[PDB]
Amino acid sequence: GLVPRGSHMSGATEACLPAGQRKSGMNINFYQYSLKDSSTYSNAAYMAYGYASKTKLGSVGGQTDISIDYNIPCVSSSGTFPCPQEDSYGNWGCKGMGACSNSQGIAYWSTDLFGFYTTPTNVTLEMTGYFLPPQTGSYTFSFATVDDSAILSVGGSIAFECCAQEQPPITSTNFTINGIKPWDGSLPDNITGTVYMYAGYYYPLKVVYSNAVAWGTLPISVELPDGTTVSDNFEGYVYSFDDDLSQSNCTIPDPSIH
């Protein structure tokens, strides 16, 4: 046929073509999250949009290295150093450092999350931007692990609305990756999610991440249609655009026929 048929039952992921100045990286907003609150981050509504009803702590823009790997301090005989969780032991010490004198259960202040001075022990953050596929085909996003709770959403009207990156969060709970901490204490039952994407369209991307205590971990990757994997550093794939609510043609409801 002269034209492609289109994805069945309007199945294509909505994307966008913002016309404004493109900036490298994602925007990261930080919101208050209570130390040792083991319930708030287990709600879908909280993880999709409720986080923004808490106090906003600040923000940083242009972030391309988006994985989280926050290690709490061990106050040791030789000074204060971050302890990889797998090296913690006993009650407690850190391998190569001896016994730690400090509590695993208090808040700690650090710039480890994107250079922003906050409490990485207890915080929620929202990463927003647009993912630019260089190749048409299936992309599989993943979280290697989640500590404590996280979601990843891709697509117009799922992550956020086209040309409206800076708006308050939309209410969609149609997560691409549901890594929400289960109430039961188990592990989310699936921390990959696949999206079919058309080269050259900008796909809204949102990551919401929460830590309630101690270590914070979120290693983010994407497998490209060519079978290669991009991990942690998404430079060249993620971009931001200032809001332009006036750009009439910004939304591409079906990139397969556009």
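All residue numbers refer to positions in the sequence shown, first residue = 1.
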{"query": "Residue range whose averaged C-alpha B-factor is higher in the record, 156 to 164 or 135 to 143", "finding": "135 to 143"}
{"query": "237 to 245 versus 6 to 14 - greater average Cα B-factor per the deposited record", "finding": "6 to 14"}
{"query": "Deposited CA B-factor, highest of 32, 211, 228, 59", "finding": "228"}
{"query": "Residue with highest C-alpha B-factor in the PDB entry, from 77, 119, 128, 149", "finding": "77"}
{"query": "Residue 172, C-alpha B-factor rank within chain (lowest, middle or highest third)", "finding": "highest"}
{"query": "Modelled-residue ranking by C-alpha temperature factor, third containing residue 111", "finding": "middle"}
{"query": "Cα B factor band for residue 41 (lowest, middle or highest third within the chain)", "finding": "highest"}
{"query": "Third of the chain's Cα B-factor distribution that residue 191 belongs to, per the entry", "finding": "highest"}
{"query": "Entry-reported Cα temperature factor of residue 81, expressed as the chain third it lands in", "finding": "middle"}
